[PDB]
Amino acid sequence: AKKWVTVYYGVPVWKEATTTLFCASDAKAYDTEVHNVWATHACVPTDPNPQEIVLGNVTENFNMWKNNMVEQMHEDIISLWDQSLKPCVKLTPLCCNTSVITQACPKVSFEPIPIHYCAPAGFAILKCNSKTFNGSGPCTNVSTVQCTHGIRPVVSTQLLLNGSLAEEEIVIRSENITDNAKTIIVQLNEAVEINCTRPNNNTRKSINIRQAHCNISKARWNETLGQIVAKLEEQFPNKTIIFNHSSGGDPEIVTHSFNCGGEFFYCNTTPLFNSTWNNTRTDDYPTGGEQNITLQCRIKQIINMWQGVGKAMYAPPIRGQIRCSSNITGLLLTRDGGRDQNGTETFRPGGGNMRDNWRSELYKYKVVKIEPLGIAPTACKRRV
Amino acid sequence: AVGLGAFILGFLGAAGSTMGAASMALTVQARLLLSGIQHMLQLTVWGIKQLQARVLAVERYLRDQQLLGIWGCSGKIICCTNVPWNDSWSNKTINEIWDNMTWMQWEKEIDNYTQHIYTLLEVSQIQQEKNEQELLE
Amino acid sequence: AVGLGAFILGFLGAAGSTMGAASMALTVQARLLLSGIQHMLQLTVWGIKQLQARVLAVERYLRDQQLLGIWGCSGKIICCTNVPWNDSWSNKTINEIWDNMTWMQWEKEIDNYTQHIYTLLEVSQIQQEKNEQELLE
Amino acid sequence: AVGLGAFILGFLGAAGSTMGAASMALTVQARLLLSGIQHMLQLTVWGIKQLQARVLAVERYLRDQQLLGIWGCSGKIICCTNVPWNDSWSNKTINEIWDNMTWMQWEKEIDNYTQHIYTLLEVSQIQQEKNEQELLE
Amino acid sequence: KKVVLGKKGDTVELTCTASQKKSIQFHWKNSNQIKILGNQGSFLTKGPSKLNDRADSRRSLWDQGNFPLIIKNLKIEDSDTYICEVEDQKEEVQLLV
Ligand SMILES: *[C@@H]1O[C@H](CO)[C@@H](O[C@@H]2O[C@H](CO)[C@@H](O[C@@H]3O[C@H](CO)[C@@H](O)[C@H](O[C@H]4O[C@H](CO)[C@@H](O)[C@H](O)[C@@H]4O[C@H]4O[C@H](CO)[C@@H](O)[C@H](O)[C@@H]4O)[C@@H]3O)[C@H](O)[C@H]2NC(C)=O)[C@H](O)[C@H]1NC(C)=O
Ligand SMILES: *[C@@H]1O[C@H](CO)[C@@H](O[C@@H]2O[C@H](CO)[C@@H](O[C@@H]3O[C@H](CO)[C@@H](O)[C@H](O)[C@@H]3O)[C@H](O)[C@H]2NC(C)=O)[C@H](O)[C@H]1NC(C)=O
Ligand SMILES: CCCCCCCCCCCCO[C@@H]1O[C@H](CO)[C@@H](O[C@H]2O[C@H](CO)[C@@H](O)[C@H](O)[C@H]2O)[C@H](O)[C@H]1O
Ligand SMILES: CCCCCCCCCCCCO[C@@H]1O[C@H](CO)[C@@H](O[C@H]2O[C@H](CO)[C@@H](O)[C@H](O)[C@H]2O)[C@H](O)[C@H]1O
Ligand SMILES: CCCCCCCCCCCCO[C@@H]1O[C@H](CO)[C@@H](O[C@H]2O[C@H](CO)[C@@H](O)[C@H](O)[C@H]2O)[C@H](O)[C@H]1O
Ligand SMILES: *[C@@H]1O[C@H](CO)[C@@H](O[C@@H]2O[C@H](CO)[C@@H](O)[C@H](O)[C@H]2NC(C)=O)[C@H](O)[C@H]1NC(C)=O
Ligand SMILES: *[C@@H]1O[C@H](CO)[C@@H](O[C@@H]2O[C@H](CO)[C@@H](O)[C@H](O)[C@H]2NC(C)=O)[C@H](O)[C@H]1NC(C)=O
Ligand SMILES: *[C@@H]1O[C@H](CO)[C@@H](O[C@@H]2O[C@H](CO)[C@@H](O)[C@H](O)[C@H]2NC(C)=O)[C@H](O)[C@H]1NC(C)=O
Ligand SMILES: *[C@@H]1O[C@H](CO)[C@@H](O[C@@H]2O[C@H](CO)[C@@H](O)[C@H](O)[C@H]2NC(C)=O)[C@H](O)[C@H]1NC(C)=O
Ligand SMILES: *[C@@H]1O[C@H](CO)[C@@H](O[C@@H]2O[C@H](CO)[C@@H](O)[C@H](O)[C@H]2NC(C)=O)[C@H](O)[C@H]1NC(C)=O
Ligand SMILES: *[C@@H]1O[C@H](CO)[C@@H](O[C@@H]2O[C@H](CO)[C@@H](O)[C@H](O)[C@H]2NC(C)=O)[C@H](O)[C@H]1NC(C)=O
Ligand SMILES: *[C@@H]1O[C@H](CO)[C@@H](O[C@@H]2O[C@H](CO)[C@@H](O)[C@H](O)[C@H]2NC(C)=O)[C@H](O)[C@H]1NC(C)=O
Ligand SMILES: *[C@@H]1O[C@H](CO)[C@@H](O[C@@H]2O[C@H](CO)[C@@H](O)[C@H](O)[C@H]2NC(C)=O)[C@H](O)[C@H]1NC(C)=O
Ligand SMILES: *[C@@H]1O[C@H](CO)[C@@H](O)[C@H](O)[C@H]1NC(C)=O
Ligand SMILES: *[C@@H]1O[C@H](CO)[C@@H](O)[C@H](O)[C@H]1NC(C)=O
Ligand SMILES: *[C@@H]1O[C@H](CO)[C@@H](O)[C@H](O)[C@H]1NC(C)=O
Ligand SMILES: *[C@@H]1O[C@H](CO)[C@@H](O)[C@H](O)[C@H]1NC(C)=O
Ligand SMILES: *[C@@H]1O[C@H](CO)[C@@H](O)[C@H](O)[C@H]1NC(C)=O
Ligand SMILES: *[C@@H]1O[C@H](CO)[C@@H](O)[C@H](O)[C@H]1NC(C)=O
Ligand SMILES: *[C@@H]1O[C@H](CO)[C@@H](O)[C@H](O)[C@H]1NC(C)=O
Ligand SMILES: *[C@@H]1O[C@H](CO)[C@@H](O)[C@H](O)[C@H]1NC(C)=O
Ligand SMILES: *[C@@H]1O[C@H](CO)[C@@H](O)[C@H](O)[C@H]1NC(C)=O
Ligand SMILES: *[C@@H]1O[C@H](CO)[C@@H](O)[C@H](O)[C@H]1NC(C)=O
Ligand SMILES: *[C@@H]1O[C@H](CO)[C@@H](O)[C@H](O)[C@H]1NC(C)=O
Ligand SMILES: *[C@@H]1O[C@H](CO)[C@@H](O)[C@H](O)[C@H]1NC(C)=O
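Residues numbered from 1 in each chain as written, not as in the entry; some residues may be left out. Chains lettered and ligands numbered in written order. Part of a larger assembly, values for the part shown. Heavy atoms only, no water.

- In the PDB header, cryo-EM is given as the technique by which the entry was determined, and 3.5 Å as its resolution.

**A short note on the overall build of chain A**
Here is step 1: Broken down by element type, chain A carries five helices and 25 strands.
Here is step 2: Along the longest, intermediate and shortest principal axes, the C-alpha atoms of chain A span 100 × 55 × 45 Å.
Here is step 3: With the model as given, the accessible surface of chain A reaches about 17000 Å², and the carbon-plus-sulfur share is 45%.
Here is step 4: Of the side chains in chain A, 38 bear a positive and 34 a negative charge, and the two mean positions are spaced by 5 Å. (Helix = DSSP H or I, 4+ residues; strand = E, 2+ residues; numbered from the N terminus. Areas by Shrake-Rupley, 256 points an atom, 1.4 Å probe, with all protein chains shown as cover. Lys, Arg positive; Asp, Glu negative; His and termini not counted. Charge placed at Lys NZ, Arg CZ, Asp CG, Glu CD.)

**Regarding the overall build of chain B**
Here is step 1: Helix and strand content of chain B: five helices and zero strands.
Here is step 2: Helices and strands in chain B line up, N terminus first, as α-α-α-α-α.
Here is step 3: Against the globule reference of 14 Å for 137 residues, chain B gives a C-alpha radius of gyration of 19 Å, more extended than a compact globule.
Here is step 4: Along the three orthogonal principal directions, the C-alpha set of chain B runs to about 65 × 40 × 35 Å. (Rg over C-alpha atoms; globule rule 2.2 N^0.38 Å.)

**Examining the sheet that holds strand 1 (residues 2-5) of chain E**
Residue and element names in this part refer to chain E.
Here is step 1: Across the sheet, six strands lie side by side as 1-9-8-3-4-5; this open sheet has mixed pairing. Across the chains shown, the open sheet's two edge strands, defined by having one partner strand only, are strand 1 and strand 5 (43-46). In this sheet, adjacent strand axes meet at a mean angle of 20° when their direction is disregarded.
Here is step 2: The sheet contact formed by strand 4 (residues 35-40) and strand 5 spans four bridges and is antiparallel. Across the sheet, the residue bridging to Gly 38 is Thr 45, located in strand 5. (Pairing = 2+ DSSP bridges. Axes fitted to C-alpha atoms, helices over the stretch in contact; angles between N-to-C directions.)

**Describing the side chain of B:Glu107**
Here is step 1: Considering the arrangement of structural elements, one finds B:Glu107 in helix 4 (residues 103-110).
Here is step 2: No salt bridge forms around the buried B:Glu107; measuring N to O, its nearest opposite-charge neighbour A:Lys15 is 5.4 Å away.
Here is step 3: The residues contacting B:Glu107, other than those within four sequence positions of it, are A:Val13, A:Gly374 and A:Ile375. (Buried < 20%, exposed > 50% of the residue type's maximum accessible area, 1.4 Å probe, protein only. Salt bridge = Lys/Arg side-chain N within 4 Å of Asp/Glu carboxyl O. Contact = heavy atoms within 4.5 Å.)

**Overview of the nonpolar core**
Here is step 1: By size, the foremost hydrophobic cluster in this structure holds 66 residues, and its most contacted members are A:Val7, A:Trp14, B:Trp71, B:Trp103, B:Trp106 and B:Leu121.
Here is step 2: If sequence neighbours within four positions are ignored, A:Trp14 has contacts with A:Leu55, A:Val58, A:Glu60, A:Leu126, A:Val368, A:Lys369, A:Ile370, B:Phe7, B:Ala15 and B:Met104.
Here is step 3: If you look at the next biggest cluster of nonpolar residues, it comprises 39 residues, including A:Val229, A:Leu232, A:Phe258 and A:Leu331. (Core = buried A, V, L, I, M, F, W, Y, C linked by side-chain atoms within 4.5 Å.)

**Topic: the relation of the copies chain D and chain C**
Here is step 1: In screw terms, the move from chain D to chain C is a rotation of 120° and a rise of 0.0 Å along the axis, fitting with an RMSD of 0.0 Å. Here the symmetry operator amounts to a three-fold rotation axis. (Least-squares fit on C-alpha atoms.)

**Some details on the interface of chain A and chain B**
Here is step 1: Contact with chain A, which involves 43 residues of that partner, is made by 55 residues of chain B.
Here is step 2: Both sides of the chain A and chain B interface together cover about 4300 Å² of buried area, and 70% of this is carbon and sulfur.
Here is step 3: Applying the counting criterion to the chain A and chain B interface returns one salt bridge.
Here is step 4: A:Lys3 serves as the salt-bridge partner of B:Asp87, at 3.7 Å between the closest nitrogen and oxygen. (Buried area = accessible area lost by both parts, 1.4 Å probe.)

**Regarding the sheet that holds strand 6 (residues 55-56) of chain E**
Residues and elements named next belong to chain E.
Here is step 1: Spatial ordering of the open sheet is given by 2-7-6, a layout of three strands whose pairing is antiparallel. At either end of the open sheet lies a strand with only one pairing partner, and these are strand 2 (12-17) and strand 6.
Here is step 2: Summarising the sheet, strand 2 and strand 7 (residues 66-71) pair through six bridges and their orientation is antiparallel. In the sheet register, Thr 15 faces strand 7, and the bridge partner there is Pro 68.

**Concerning helix 3 (residues 218-235) of chain A**
Here is step 1: The end-to-end C-alpha distance of helix 3 of chain A is 26 Å, a good match for the 26 Å that 18 residues give at a rise of 1.5 Å each.
Here is step 2: Looking at helix 3 of chain A, one finds that the buried residues are A:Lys218, A:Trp221, A:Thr224, A:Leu225, A:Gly226, A:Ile228, A:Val229 and A:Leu232. (Expected span 1.5 Å × (residues − 1).)

**Topic: the pattern of salt bridges**
Residue and element names in this part refer to chain A.
Here is step 1: Applying the stated criterion across every chain yields a total of 39 salt bridges over all chains.
Here is step 2: When the shortest N-O distance is used, the salt bridge between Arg 220 and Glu 223 registers 2.9 Å. Residue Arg 220 and its partner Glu 223 are located together in helix 3, separated by three residues, close to a single helical turn.
Here is step 3: Within this structure, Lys 15, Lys 369 and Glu 371 form a network of salt bridges that share partners.

**Section: the state of the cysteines**
All names here are of chain A.
Here is step 1: Per the counting criterion, the structure on display carries 13 disulfides over all chains.
Here is step 2: Here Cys 23 pairs with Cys 43 through a disulfide, and the sulfurs are 2.1 Å apart. An S-S torsion of about -95° defines the bridge between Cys 23 and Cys 43 as left-handed. Within this pair, whereas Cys 23 is found in strand 3 (residues 22-24), its partner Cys 43 is found in the loop between helix 1 (34-40) and strand 4 (53-55), the two being separated by 20 residues in sequence.
Here is step 3: Exposure remark for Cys 43: the relative accessible area of 6% places this residue in the buried category. (Disulfide = S-S within 2.5 Å.)

**A word on the environment of A:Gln158**
Residue and element names in this part refer to chain A.
Here is step 1: Within the secondary structure layout, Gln 158 lies in the loop between strand 11 (142-145) and strand 12 (159-161).
Here is step 2: Discounting residues that sit within four places of it in the chain, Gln 158 has contacts with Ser 246, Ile 253, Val 254, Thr 255, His 256, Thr 269, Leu 331, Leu 332, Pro 349 and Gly 350.
Here is step 3: In terms of polar contacts, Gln 158 uses its side chain to reach the side chain of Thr 269, at 2.7 Å. (Polar contact = N/O pair within 3.5 Å; in protein donor to acceptor, adjacent residues only side chain to side chain.)

**Some thoughts on the interface of chain D and chain C**
Here is step 1: With 18 residues of chain D at the contact, the number on the chain C side is 19 residues.
Here is step 2: Between chain D and chain C, roughly 1700 Å² of surface is buried when both sides are summed, and carbon and sulfur atoms account for 72% of that area.
Here is step 3: Our enumeration of links across chain D and chain C arrives at two salt bridges.
Here is step 4: With a shortest N-O distance of 3.0 Å, C:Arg54 and D:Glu59 are connected by a salt bridge.
Here is step 5: Of all the secondary structure elements, the ones that give two or more residues to the side of chain D that touches chain C are helix 2 (41-67) and helix 5 (114-135) of chain D.
Here is step 6: Per-element accounting of the side of chain D that touches chain C gives the leading share, 12 residues, to helix 2 of chain D.
Here is step 7: Its residues assigned to classes, the side of chain D that touches chain C shows 11 nonpolar, four polar and three charged. (Nonpolar A, V, L, I, M, F, W, Y, C, P; charged D, E, K, R; others polar.)

**Re helix 2 (residues 41-67) of chain C**
Here is step 1: In this model helix 2 of chain C runs 40 Å from its N-terminal to its C-terminal C-alpha over 27 residues, within 8% of the 39 Å that 1.5 Å per residue would give.
Here is step 2: Where helix 2 of chain C is buried, its residues contact helix 1 (19-35) and helix 2 (41-67) of chain B together with helix 2 of chain D.

**Looking at the pairing of strand 16 (residues 240-243) of chain A**
Residues and elements named next belong to chain A.
Here is step 1: In terms of strand pairing, strand 16 meets strand 23 (residues 344-349) through four bridges, oriented parallel. Note on strand 23: the bridge partner recorded for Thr 240 is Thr 344.
Here is step 2: Two strands pair when backbone bridges link them, and strand 16 and strand 18 (residues 275-277) are joined in this way by three bridges, in the antiparallel orientation. Within the sheet, the bridge partner assigned to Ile 242 lies in strand 18 and is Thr 276.

**A look at unusual backbone geometry**
Here is step 1: The phi dihedral of A:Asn162 is positive, around 55°, even though this residue is not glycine.
Here is step 2: Here A:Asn162 shows up in the loop between strand 12 and strand 13 (171-173).

Below, the structure written as structure tokens:
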């Protein structure tokens, strides 16, 4: 009638763990392009027959802002870039003198390959399959996989490109939606195409070639904001939603940015974020009939690096045509709060922290280890 | 079987099942098991990765089966000891725990005591060995 | 050894040997074992196939060694139970079976009773466990 | 653990440690383990070679664990028997052997007697089995 | 609060610190919770503040666990409580002009 201690082995219990993940990708390895070359000696071929097992009635606490899978992706991408898109001059502080590297800038083809992260033997990845998962709550539909979906390592600010879309609705995720010091990641359930180009007809100016433009469907952009606003309205029900331009700081934050080949496209996004929303409908995007929002873009040679503090110079632009066709799949917004915000909330483009870009894709995954040895009370006794 | 829980070393049951239900399911499956009633490089690469996972699980299994001898539980999936539950570790009854909780919830309920309990189990085994050798004289 | 029978899980003897002869041969070989006294792609492919067969046999072996605990025979190659033979299952004597029959012939002789016998073995183990826990009070 | 000795089946300790020291170290490590507290063809080739070594060690381990049942020591890393030391095999005391010698030195000290001892162990087990079955009547 | 007094026309360096030296996100806000400066990745950002054309930071020190806010050309209107947010901890310094 006494309760006795019983040791059980093979108990289906797991704990959070941090291990080194490996990767896989559909690299071709003969295209000379940077990601295919990197992937050739970094990642393995993908799993020809991946499997996923749904765990019935399992509730798991996920937290996208404490996810160590992010750190590994961050480090792999930095190495990918440093081994490829080499600047002519790399200038960094050393504390505080400067360390300077001078080296060649060959031009290379540069286009992302989706990379799958895979658990090593002894580890497994839990995936949250809820379509409404907000990044930090419990997930009630959890499955086990070895590998993640492939993620293209697109490096950008303000607007997240490519990667993936939400299943049903725009989902707004923030560690603390009210502290004004977190990037709000807005995942869209529909992509908005952005077409950027410099169509081989440029000249040079001196005393241009560094001039390009991007076309955004007007109808899709305005519809997209209306849906974002509806979700923001629910979060902030008595306030006006204002989309404004960026607040200042380094050009990589102030303007959008992306990289095609060696072209860094700093683009003025003011035309996308200049409006005041009343409930879910407004003006400030007049129905002129053009149906094309155009951004002015520049190609720069001296840029601030995203992988650390410092500046770097890249060789001047390609004389032919540059074409990029991307999917806007999400936004990085920050809030303008404060004691004097008398009935309004202002949202501005943010980003610059490449970890936020990677959290927007890795938020559904958690790495765990199995701990099969457990103890529970019983009614049996050992004979002694 | 061995695939329960959707993983090797998930042997005793599905995650999400109660502790009690998992035990009953295990017994039924054990009876059934004893009654007895397209080519690419990536196949090589993943074949090796799959074998490494399986070999490792076997090595860990065998190691733990011998390590548990330190508490007098070697060679077992389910053991039984002579250490009293001590009440304070958990105020729930046998039926409350086994009928309503799953294994993860249970471990969360008592993970502030498992290092203490492991120590007590070792001490009991030492005393049992000592007593037996004293009797054999 | 483990290659007897020309297969893994053919451990107890050569196919075609009598049951008795196989047992004696096994004992002799066990004593000897303890006394202790060209590159092509297909090598990769078949190396993996061979490992898969070996890993699988080990996993099955270990699983069955634990499943048999349901009859009180865990961790054993040769067990011993307290269930009477019941005569009707086979009218042959111990020497007739062990000296003249091989294992396949024997299984053919009694395969109309093994599901019945398996049930009886489980029942005996349950009663044995119950009795021991009743005594320990 | 299992990597002690720098090899599989070096389980009981580092080569060069004394027999006594190795035993103590093993106990400590066992407690810790239970408390729980770049792509080229040659990767394929060596991945297979590594798996073959690991699979083989497991198969040998399991085989020996069952073969030792012939002396009444199946399923064990450390056994205990009822065969007297007989003095002449080694004139050293328990402390002299365990405190100062390593395992290789010890085997060198008595390798003229191990075939004799193995025979004695088998004989004792046979007599023990016989006695138990005679008692059970 | 730490109190630092400057004078109209001067430059003042106010600081936040960390025990960890590198890759630390921090923000500076005023007493009305308006952002002035902050670190996004490796980049310096500015908030919607009256100090945007005067506030700056020595980026080279960020990997030393030192995250200064520098206000150039101080005015009497800048006297306030400045709040550091570094990692999990907060710090407050009062600036008088
Ligand atoms: C989101 O995903 C999409 C697709 O899923 C990505 O879009 C791709 O972006 C790349 C970047 O440009 C683009 O690649 C070009 O395709 C052209 C089709 O034939 C190629 O001709 C071109 O190669 C030339 O330009 C490269 C520039 O660095 C050179 O390195 C290369 O050697 C070639 O250069 C020769 O030709 C040019 C012609 O003007 C000449 O000037 C040079 O001197 C030289 O002679 C690129 O391969 C893809 O086609 C895009 N895909 C699609 C469907 O459009 C998108 O970028 C992702 N988003 C982000 C932000 O990454
Ligand atoms: C909004 O911007 C888009 C650009 O993304 C405009 O679409 C482009 O419109 C031009 C108009 O001439 C199309 O040119 C056509 O190209 C085909 C190619 O073979 C050619 O045969 C035709 O004679 C003509 O030159 C261009 O293809 C088209 N771009 C795409 C991707 O379809 C769009 O028209 C702009 N909207 C408005 C209202 O202007
Ligand atoms: C190919 C890889 C295969 C896996 C190999 C795993 C090897 C790991 C060995 C771990 C040993 C743990 O540590 C040791 O375990 C044995 C297990 O009986 C215990 O031994 C205990 O049981 C045995 C048999 O019941 C008794 O003879 C002994 O008197 C008793 O103390 C020791 O008291 C303990 O110190
Ligand atoms: C890496 C892969 C390794 C292979 C893993 C194989 C796992 C398969 C587990 C099958 C479990 C079968 O089912 C269970 O077995 C244990 C085995 O002791 C039995 O347990 C029985 O023996 C133990 C120890 O002797 C006692 O503590 C228990 O009181 C008694 O009932 C259970 O009564 C039975 O329900
Ligand atoms: C996938 C590969 C896995 C590895 C497989 C290894 C198989 C090797 C089998 C070797 C058998 C050695 O030989 C045999 O062992 C068993 C082990 O209990 C001994 O059996 C002894 O123990 C058992 C259980 O304690 C009793 O039921 C039996 O009465 C007693 O004699 C036999 O007396 C001996 O003849
Ligand atoms: C939990 O998530 C899984 C994964 O999306 C859902 O199962 C999928 O359901 C679709 C429906 O057509 C199938 O096509 C998929 O093959 C299923 N996937 C798997 C892995 O089984 C599942 O239904 C979700 N469960 C709940 C309760 O929402
Ligand atoms: C995600 O949703 C969960 C709810 O499913 C939120 O967690 C709740 O937060 C409120 C805030 O006071 C608490 O009172 C609840 O108890 C929390 N519930 C649970 C189950 O923890 C969570 O904060 C949301 N996360 C995000 C990033 O928005
Ligand atoms: C989210 O951010 C808000 C704003 O900083 C936190 O709430 C503040 O908590 C401090 C703690 O002393 C209070 O003094 C403030 O008055 C609070 N502000 C408001 C507006 O209530 C909030 O706790 C944060 N939430 C989480 C989960 O960290
Ligand atoms: C991006 O959009 C602009 C318009 O906003 C496009 O320029 C127009 O193209 C049509 C096509 O015949 C011309 O008739 C218009 O006069 C152009 N407008 C101007 C102001 O010049 C531009 O071509 C689009 N970009 C791409 C790549 O097609
Ligand atoms: C960017 O270019 C793509 C094509 O590369 C445009 O998509 C095409 O738009 C025309 C417009 O009628 C459709 O008929 C085509 O079927 C579309 N192609 C595909 C593959 O869907 C896209 O609209 C361009 N973006 C913008 C903003 O104009
Ligand atoms: C976008 O943000 C800017 C910066 O705060 C706003 O501009 C300020 O508007 C107030 C309104 O009285 C002026 O007093 C400030 O001087 C303006 N700042 C600057 C630098 O001129 C701007 O109005 C915001 N846009 C929207 C749509 O609200
Ligand atoms: C983005 O483009 C807009 C133009 O649409 C720039 O805004 C202009 O900045 C000049 C600077 O003195 C002002 O005089 C104009 O009145 C502004 N125009 C409007 C419509 O406000 C804007 O600065 C550009 N932003 C970036 C980051 O380049
Ligand atoms: C916000 O930016 C948009 C970018 O399109 C501005 O829209 C243009 O406004 C001018 C004003 O005469 C029109 O001629 C253009 O045709 C509009 N563009 C399009 C694509 O229709 C918009 O006016 C700006 N809003 C505010 C409040 O300044
Ligand atoms: C919509 O406009 C009316 C006009 O007075 C204003 O009162 C109301 O607050 C506005 N709502 C939003 C969300 O801007
Ligand atoms: C979005 O486009 C539709 C097209 O008719 C227009 O009516 C609506 O007002 C637009 N939204 C904004 C914010 O202008
Ligand atoms: C944008 O999303 C659509 C959705 O199917 C996809 O087909 C298209 O290829 C995507 N574009 C890019 C650039 O990935
Ligand atoms: C989940 O709950 C349902 C409710 O009937 C049950 O049938 C199912 O077996 C449960 N799954 C697990 C793992 O217990
Ligand atoms: C466990 O039982 C002992 C018996 O005296 C008691 O002293 C001890 O406090 C109990 N443990 C806890 C956590 O109460
Ligand atoms: C333990 O269970 C008993 C049952 O009546 C209850 O009274 C007691 O308060 C429980 N202890 C705690 C700490 O809840
Ligand atoms: C087959 O029969 C011959 C007859 O002498 C015997 O020697 C041999 O061992 C037998 N083989 C088996 C498997 O028993
Ligand atoms: C087995 O023994 C029992 C003992 O009463 C007997 O009733 C039963 O019929 C026997 N089995 C067969 C197949 O005869
Ligand atoms: C069983 O063996 C005995 C031995 O004399 C024999 O008389 C009897 O007929 C046998 N039973 C059957 C069914 O052959
Ligand atoms: C070798 O001797 C040194 C002497 O202090 C000792 O510390 C070390 O552990 C010894 N190594 C082994 C394997 O015993
Ligand atoms: C072992 O003990 C027996 C006991 O009589 C003895 O006869 C035998 O000689 C001893 N062995 C050796 C090697 O002396
Ligand atoms: C065995 O040890 C004893 C201890 O005194 C010693 O006298 C004897 O000579 C030793 N035997 C041999 C062969 O050395």
